[PDB]
Each structure stands twice: as structure tokens, then as C-alpha cells.
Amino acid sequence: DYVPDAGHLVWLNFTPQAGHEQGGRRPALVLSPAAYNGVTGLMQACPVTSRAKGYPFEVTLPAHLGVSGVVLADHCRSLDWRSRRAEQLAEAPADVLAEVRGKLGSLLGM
């Protein structure tokens, strides 16, 4: 049924991981469109952490929309969203998606 789409927040298992890679079941912000995510069963998504630390790659989620925390834009990963049990949670606003893409784009050298 549900295919994650760009700008969706989803519950996802970030375990398995290695080292300082984000782990845990937590919200993920999806960057790749559902057309890709549906044909491959993979997606690009960033993990969400509970507390702002003023880390340069943090993008705060508006608390009023009921998922609190910061997207770690630099922690974007190709993820098997079936294997990691993606579950629909919310939709982030356009401006959060654009700021995450801007910060990750800069990191990737685009």
C-alpha cells in the first residue's frame, strides 16, 4: 500500500548501522520521490533526533505539526524502507524540505 514520498516523515529503523551513524527507530524525512521509492524499494531519507544541539546540519521541525526535533541533513542515507519497516507519520512543510536539501546539497559538493 503506502509508498513513502518526498517531504513525508516516516517511522524507520536506522539500525542496522555502524559507529556514529544514527541508529534507532525514529522519524525519517524522505527526500526521494515515491516514483523512485516504489520502483526500487529504496529511498533517500534523513534521521530525526529529539534535541537541537546547534549542529550545523540540523533543520528544526515545527513542533505544532506534532513531530519534535531536528532533521540531520548530513545523515541522509539510501535505505531499504520495507526491511526497516517505514510507517507513515506526518508530512514536513515545503520550507523544511528545501532547507534540508540545501544543507545536504552543499555537503555533497553540488
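Only the largest set of C-alpha atoms that superpose within 1.5 Å between the two forms is called the rigid core. Note that residue numbering begins at 1 and tracks the sequence as displayed.
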**Report entry** Positional deviation of Cα atoms in 4 other deposited structures of this protein after core superposition, greater for 53-61 or 34-42
**Finding:** 53-61
Query raised in the report: Fitting on the core, do the C-alphas of 83-91 or of 97-105 deviate more in 4 other deposited structures of this protein?
Result: 83-91
**Report entry** Coordinates lacking for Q17, a third or more of other entries
**Finding:** yes
Requested in this report: Quick one: say whether 19-27 or 98-106 has the higher mean Cα B-factor in the deposited entry.
Outcome: 19-27
Query raised in the report: Looking only at CA atoms, which has the higher mean B factor in the entry: 79-87 or 29-37?
Result: 79-87
Query raised in the report: Taking the Cα B-factors listed in the entry, which of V71, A63, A45, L42 comes out highest?
Result: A63
